[PDB]
$ cat structure-v9.txt   # compact mmCIF, C-alpha atoms
# COMPACT_ATOMS: atom_id res chain seq x y z
CA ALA I 1 5.23 -0.20 -28.59
CA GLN I 2 6.38 -2.56 -25.80
CA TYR I 3 4.68 -0.50 -23.09
CA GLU I 4 1.22 0.64 -24.18
CA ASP I 5 -1.31 2.84 -22.46
CA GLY I 6 -4.23 0.55 -21.78
CA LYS I 7 -2.05 -2.54 -21.51
CA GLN I 8 0.47 -2.54 -18.59
CA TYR I 9 -0.85 0.77 -17.34
CA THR I 10 -3.69 3.22 -17.84
CA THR I 11 -3.51 6.99 -17.91
CA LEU I 12 -5.59 9.13 -15.57
CA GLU I 13 -7.77 11.42 -17.65
CA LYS I 14 -7.76 13.69 -14.62
CA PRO I 15 -4.07 13.89 -13.52
CA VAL I 16 -3.32 14.63 -9.86
CA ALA I 17 -0.98 17.60 -9.35
CA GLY I 18 1.75 17.44 -6.71
CA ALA I 19 1.09 13.73 -6.13
CA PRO I 20 3.72 11.44 -4.53
CA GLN I 21 6.05 9.93 -7.17
CA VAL I 22 5.22 6.30 -6.47
CA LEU I 23 1.96 5.84 -4.58
CA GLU I 24 0.70 2.42 -3.49
CA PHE I 25 -2.72 1.74 -1.93
CA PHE I 26 -3.66 -1.36 0.04
CA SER I 27 -5.95 -2.78 2.72
CA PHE I 28 -5.17 -5.43 5.33
CA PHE I 29 -8.55 -6.96 4.29
CA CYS I 30 -7.51 -7.24 0.67
CA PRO I 31 -6.60 -10.81 -0.47
CA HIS I 32 -4.46 -9.74 -3.48
CA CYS I 33 -2.78 -7.20 -1.19
CA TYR I 34 -1.82 -10.09 1.07
CA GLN I 35 -0.26 -11.82 -1.96
CA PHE I 36 1.44 -8.58 -3.10
CA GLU I 37 3.05 -8.12 0.27
CA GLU I 38 3.84 -11.60 1.60
CA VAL I 39 4.19 -13.77 -1.51
CA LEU I 40 5.24 -11.38 -4.33
CA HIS I 41 6.97 -8.65 -2.29
CA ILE I 42 5.94 -6.05 -4.89
CA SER I 43 6.72 -2.88 -2.94
CA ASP I 44 10.16 -4.22 -2.29
CA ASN I 45 11.04 -5.24 -5.83
CA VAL I 46 9.74 -1.96 -7.17
CA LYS I 47 12.02 -0.08 -4.75
CA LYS I 48 15.07 -2.06 -5.80
CA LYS I 49 14.56 -0.82 -9.39
CA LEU I 50 13.46 2.80 -8.91
CA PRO I 51 16.03 5.40 -10.02
CA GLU I 52 17.79 7.44 -7.34
CA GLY I 53 15.77 10.20 -5.72
CA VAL I 54 12.40 8.53 -6.17
CA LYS I 55 10.53 8.07 -2.85
CA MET I 56 7.89 5.40 -2.30
CA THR I 57 4.65 6.01 -0.44
CA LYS I 58 2.17 3.37 0.74
CA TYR I 59 -1.29 4.16 2.13
CA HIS I 60 -4.11 2.17 3.71
CA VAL I 61 -7.72 2.58 2.53
CA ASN I 62 -11.08 2.73 4.33
CA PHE I 63 -13.44 1.12 1.86
CA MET I 64 -12.89 -2.48 3.02
CA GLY I 65 -13.76 -3.97 6.40
CA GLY I 66 -16.13 -1.25 7.60
CA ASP I 67 -15.33 -0.07 11.12
CA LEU I 68 -12.17 -2.18 11.47
CA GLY I 69 -11.06 -0.98 8.05
CA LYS I 70 -10.99 2.59 9.37
CA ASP I 71 -9.14 1.52 12.55
CA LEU I 72 -6.56 -0.08 10.30
CA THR I 73 -6.10 3.16 8.36
CA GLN I 74 -5.54 4.95 11.67
CA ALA I 75 -3.15 2.17 12.84
CA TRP I 76 -1.22 2.42 9.60
CA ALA I 77 -0.91 6.21 10.21
CA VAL I 78 0.53 5.26 13.65
CA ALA I 79 2.90 2.84 11.95
CA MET I 80 4.05 5.62 9.57
CA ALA I 81 4.51 8.15 12.36
CA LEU I 82 6.57 5.76 14.51
CA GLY I 83 8.41 4.37 11.49
CA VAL I 84 7.49 0.75 12.29
CA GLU I 85 5.85 -0.36 9.00
CA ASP I 86 8.36 -3.17 8.52
CA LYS I 87 7.48 -4.61 11.92
CA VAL I 88 3.67 -4.64 11.83
CA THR I 89 2.82 -5.22 8.17
CA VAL I 90 3.26 -8.98 8.35
CA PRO I 91 1.47 -9.56 11.70
CA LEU I 92 -1.42 -7.29 10.64
CA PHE I 93 -1.99 -9.15 7.36
CA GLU I 94 -1.81 -12.51 9.11
CA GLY I 95 -3.94 -11.28 12.01
CA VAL I 96 -6.68 -10.12 9.67
CA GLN I 97 -6.45 -12.83 6.96
CA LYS I 98 -4.57 -15.90 8.19
CA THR I 99 -5.37 -16.47 11.87
CA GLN I 100 -8.25 -13.98 12.00
CA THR I 101 -7.37 -12.86 15.48
CA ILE I 102 -7.83 -9.17 14.66
CA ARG I 103 -11.43 -8.30 15.40
CA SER I 104 -11.16 -4.98 17.20
CA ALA I 105 -8.93 -1.95 17.65
CA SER I 106 -7.58 -3.57 20.80
CA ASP I 107 -6.41 -6.58 18.80
CA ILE I 108 -4.70 -4.24 16.34
CA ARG I 109 -2.98 -2.60 19.31
CA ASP I 110 -1.79 -6.04 20.57
CA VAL I 111 0.10 -6.54 17.29
CA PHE I 112 2.11 -3.35 17.93
CA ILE I 113 2.75 -4.34 21.60
CA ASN I 114 3.99 -7.76 20.45
CA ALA I 115 6.20 -6.07 17.83
CA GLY I 116 7.65 -4.16 20.75
CA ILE I 117 6.15 -0.68 20.49
CA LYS I 118 5.34 0.47 24.05
CA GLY I 119 1.69 0.82 25.03
CA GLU I 120 2.23 4.33 26.29
CA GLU I 121 3.85 5.22 22.96
CA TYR I 122 1.21 3.54 20.81
CA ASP I 123 -1.71 5.20 22.61
CA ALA I 124 -0.02 8.60 22.47
CA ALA I 125 0.52 8.21 18.71
CA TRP I 126 -3.01 6.81 18.14
CA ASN I 127 -4.57 9.89 19.72
CA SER I 128 -2.18 12.46 18.23
CA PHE I 129 -3.11 15.24 15.76
CA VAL I 130 -0.03 14.25 13.75
CA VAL I 131 -1.67 10.85 13.20
CA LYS I 132 -4.98 12.66 12.56
CA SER I 133 -3.42 14.55 9.59
CA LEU I 134 -1.60 11.42 8.42
CA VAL I 135 -5.03 9.72 8.21
CA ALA I 136 -6.28 12.80 6.32
CA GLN I 137 -3.41 12.46 3.83
CA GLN I 138 -4.20 8.81 3.18
CA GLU I 139 -7.83 9.66 2.62
CA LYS I 140 -7.07 12.67 0.37
CA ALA I 141 -4.66 10.68 -1.86
CA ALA I 142 -7.25 7.93 -2.37
CA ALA I 143 -9.96 10.55 -2.98
CA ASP I 144 -7.77 12.39 -5.54
CA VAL I 145 -7.61 9.33 -7.80
CA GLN I 146 -11.20 7.90 -7.72
CA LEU I 147 -9.97 4.86 -5.76
CA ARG I 148 -12.50 2.00 -5.72
CA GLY I 149 -10.10 -0.94 -5.64
CA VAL I 150 -6.83 -2.23 -4.19
CA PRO I 151 -4.01 -3.13 -4.61
CA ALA I 152 -3.34 -0.07 -6.74
CA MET I 153 -0.22 1.79 -7.70
CA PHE I 154 0.09 5.29 -9.22
CA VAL I 155 3.16 6.95 -10.67
CA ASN I 156 3.66 10.71 -10.80
CA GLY I 157 -0.04 11.23 -10.21
CA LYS I 158 -0.64 10.34 -13.84
CA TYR I 159 -0.25 6.61 -14.51
CA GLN I 160 -1.91 3.63 -12.87
CA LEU I 161 -0.39 0.14 -12.91
CA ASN I 162 -2.48 -2.45 -14.74
CA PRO I 163 -1.42 -5.91 -13.43
CA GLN I 164 -4.31 -7.70 -15.24
CA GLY I 165 -2.32 -7.05 -18.42
CA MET I 166 0.65 -9.26 -17.37
CA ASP I 167 1.46 -13.06 -17.41
CA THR I 168 0.94 -14.71 -14.00
CA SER I 169 2.15 -18.26 -14.91
CA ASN I 170 5.41 -17.47 -13.16
CA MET I 171 5.27 -15.32 -10.03
CA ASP I 172 8.91 -14.07 -10.28
CA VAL I 173 8.40 -12.96 -13.86
CA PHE I 174 5.17 -11.22 -12.92
CA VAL I 175 6.95 -9.21 -10.24
CA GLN I 176 9.82 -8.07 -12.50
CA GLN I 177 7.44 -7.00 -15.23
CA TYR I 178 5.53 -5.04 -12.59
CA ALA I 179 8.71 -3.43 -11.28
CA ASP I 180 10.13 -2.70 -14.75
CA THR I 181 6.86 -1.06 -15.72
CA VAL I 182 6.99 1.22 -12.67
CA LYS I 183 10.59 2.18 -13.61
CA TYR I 184 9.57 2.91 -17.24
CA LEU I 185 6.65 5.05 -16.06
CA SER I 186 8.94 6.74 -13.58
CA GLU I 187 11.30 7.76 -16.40
CA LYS I 188 8.50 8.85 -18.72

$ encode --input "structure-v9.txt" --output "structure tokens"
Amino acid sequence: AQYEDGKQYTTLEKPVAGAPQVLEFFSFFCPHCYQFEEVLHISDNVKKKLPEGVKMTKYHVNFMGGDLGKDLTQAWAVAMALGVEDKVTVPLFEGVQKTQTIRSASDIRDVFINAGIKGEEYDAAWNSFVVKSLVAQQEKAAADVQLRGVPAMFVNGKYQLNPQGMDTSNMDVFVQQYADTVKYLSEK
């Protein structure tokens, strides 16, 4: 066929029940994740092609960057709780990978302050049980699918995107193939 298990996607031999429809995993330490977000704009182009009624979820992972990696998962939980993903994603990637000015939890915090979230509000969120369970969710979703690498995308808790099986000569064409595959899997 045109879409083949083992070529643009793989099937999970152990499917995850009740999983989010479209589930993306990343790390602010992850070089391809930086590309996916800032250069390719994957999450965005996927969204623009998903059918109506399909929600998109994106989670941070702990297994890169040791202690700071975990802080970043907690900070991403804060971002999700406050609804400010679209304001901190770029400065966090650049702070970790471009300028390398993020070296501690306090530097992560500075990014939110500079994006205009109030200190009082950030610290309250950071320390909240709602953020605690949002961290738990991120961890559980990664745990449910054996996650050892990022970027990664899962559809319907049963299919996993396989970008290695796609032409990268042209970045625009790569992205559309990626997005179209997600749509196909979505409709499966």

$ residues_around --input "structure-v9.txt" --residues "residue 129 in chain I" --least-positions-apart "5" --cutoff "12 Å" --atoms "only C-alpha atoms" --output "VMD selection string"
chain I and resid 74 77 to 78 81 124 134 to 136

$ residues_around --input "structure-v9.txt" --residues "residue 88 in chain I" --least-positions-apart "2" --cutoff "7 Å" --atoms "only C-alpha atoms" --output "MDAnalysis selection string"
chainID I and resid 84:86 90:92 111:112 115

$ residues_around --input "structure-v9.txt" --residues "residue 63 in chain I" --least-positions-apart "4" --cutoff "9 Å" --atoms "all atoms listed in the file" --output "number ranges by chain"
I: 27, 69-70, 148-149

$ closest_residue --input "structure-v9.txt" --among "I:54, I:21, I:94, I:163" --to "residue 176 in chain I" --atoms "all atoms listed in the file"
I:163

$ atom_distance --input "structure-v9.txt" --atom1 "CA of residue 97 in chain I" --atom2 "CA of residue 28 in chain I"
7.7 Å

$ atom_distance --input "structure-v9.txt" --atom1 "CA of residue 106 in chain I" --atom2 "CA of residue 140 in chain I"
26.1 Å

$ closest_residue --input "structure-v9.txt" --among "I:131, I:110, I:166, I:160" --to "residue 10 in chain I" --atoms "only C-alpha atoms"
I:160

$ atom_distance --input "structure-v9.txt" --atom1 "CA of residue 55 in chain I" --atom2 "CA of residue 19 in chain I"
11.5 Å

$ closest_residue --input "structure-v9.txt" --among "I:96, I:80, I:155, I:182" --to "residue 133 in chain I" --atoms "all atoms listed in the file"
I:80

$ build_atoms --input "structure-v9.txt" --residues "range 1-22 of chain I" --atoms "N, CA and C atoms" --output "JSON list (two decimals), keeping the file's coordinate frame"
[["chain", "number", "residue", "atom", "x", "y", "z"],
["I", 1, "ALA", "N", 4.00, -0.20, -29.36],
["I", 1, "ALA", "CA", 5.23, -0.20, -28.59],
["I", 1, "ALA", "C", 5.26, -1.39, -27.61],
["I", 2, "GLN", "N", 6.28, -1.45, -26.75],
["I", 2, "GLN", "CA", 6.38, -2.56, -25.80],
["I", 2, "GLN", "C", 5.54, -2.26, -24.56],
["I", 3, "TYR", "N", 5.55, -0.99, -24.14],
["I", 3, "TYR", "CA", 4.68, -0.50, -23.09],
["I", 3, "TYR", "C", 3.58, 0.34, -23.71],
["I", 4, "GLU", "N", 2.33, -0.07, -23.55],
["I", 4, "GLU", "CA", 1.22, 0.64, -24.18],
["I", 4, "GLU", "C", 0.17, 1.07, -23.19],
["I", 5, "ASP", "N", -0.18, 2.35, -23.23],
["I", 5, "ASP", "CA", -1.31, 2.84, -22.46],
["I", 5, "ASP", "C", -2.51, 1.95, -22.76],
["I", 6, "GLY", "N", -3.17, 1.53, -21.69],
["I", 6, "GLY", "CA", -4.23, 0.55, -21.78],
["I", 6, "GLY", "C", -3.75, -0.89, -21.71],
["I", 7, "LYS", "N", -2.45, -1.14, -21.65],
["I", 7, "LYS", "CA", -2.05, -2.54, -21.51],
["I", 7, "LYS", "C", -1.33, -2.86, -20.17],
["I", 8, "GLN", "N", -0.17, -2.26, -19.88],
["I", 8, "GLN", "CA", 0.47, -2.54, -18.59],
["I", 8, "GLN", "C", 0.15, -1.43, -17.60],
["I", 9, "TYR", "N", -0.45, -0.37, -18.14],
["I", 9, "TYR", "CA", -0.85, 0.77, -17.34],
["I", 9, "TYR", "C", -1.98, 1.50, -18.05],
["I", 10, "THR", "N", -2.65, 2.36, -17.29],
["I", 10, "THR", "CA", -3.69, 3.22, -17.84],
["I", 10, "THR", "C", -3.30, 4.64, -17.49],
["I", 11, "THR", "N", -3.83, 5.60, -18.22],
["I", 11, "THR", "CA", -3.51, 6.99, -17.91],
["I", 11, "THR", "C", -4.72, 7.60, -17.23],
["I", 12, "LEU", "N", -4.49, 8.44, -16.22],
["I", 12, "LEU", "CA", -5.59, 9.13, -15.57],
["I", 12, "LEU", "C", -5.98, 10.28, -16.48],
["I", 13, "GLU", "N", -7.24, 10.30, -16.89],
["I", 13, "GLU", "CA", -7.77, 11.42, -17.65],
["I", 13, "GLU", "C", -7.80, 12.69, -16.82],
["I", 14, "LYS", "N", -7.92, 12.54, -15.50],
["I", 14, "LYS", "CA", -7.76, 13.69, -14.62],
["I", 14, "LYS", "C", -6.53, 13.57, -13.72],
["I", 15, "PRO", "N", -5.35, 13.96, -14.24],
["I", 15, "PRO", "CA", -4.07, 13.89, -13.52],
["I", 15, "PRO", "C", -4.09, 14.60, -12.18],
["I", 16, "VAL", "N", -3.36, 14.06, -11.21],
["I", 16, "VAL", "CA", -3.32, 14.63, -9.86],
["I", 16, "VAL", "C", -2.01, 15.39, -9.63],
["I", 17, "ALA", "N", -2.13, 16.71, -9.56],
["I", 17, "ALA", "CA", -0.98, 17.60, -9.35],
["I", 17, "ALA", "C", -0.34, 17.41, -7.98],
["I", 18, "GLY", "N", 0.99, 17.49, -7.95],
["I", 18, "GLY", "CA", 1.75, 17.44, -6.71],
["I", 18, "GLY", "C", 1.65, 16.13, -5.97],
["I", 19, "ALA", "N", 1.24, 15.08, -6.69],
["I", 19, "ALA", "CA", 1.09, 13.73, -6.13],
["I", 19, "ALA", "C", 2.45, 13.11, -5.79],
["I", 20, "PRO", "N", 2.48, 12.18, -4.82],
["I", 20, "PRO", "CA", 3.72, 11.44, -4.53],
["I", 20, "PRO", "C", 4.19, 10.69, -5.77],
["I", 21, "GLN", "N", 5.50, 10.56, -5.96],
["I", 21, "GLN", "CA", 6.05, 9.93, -7.17],
["I", 21, "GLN", "C", 5.52, 8.52, -7.40],
["I", 22, "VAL", "N", 5.76, 7.65, -6.43],
["I", 22, "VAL", "CA", 5.22, 6.30, -6.47],
["I", 22, "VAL", "C", 4.27, 6.09, -5.29]]
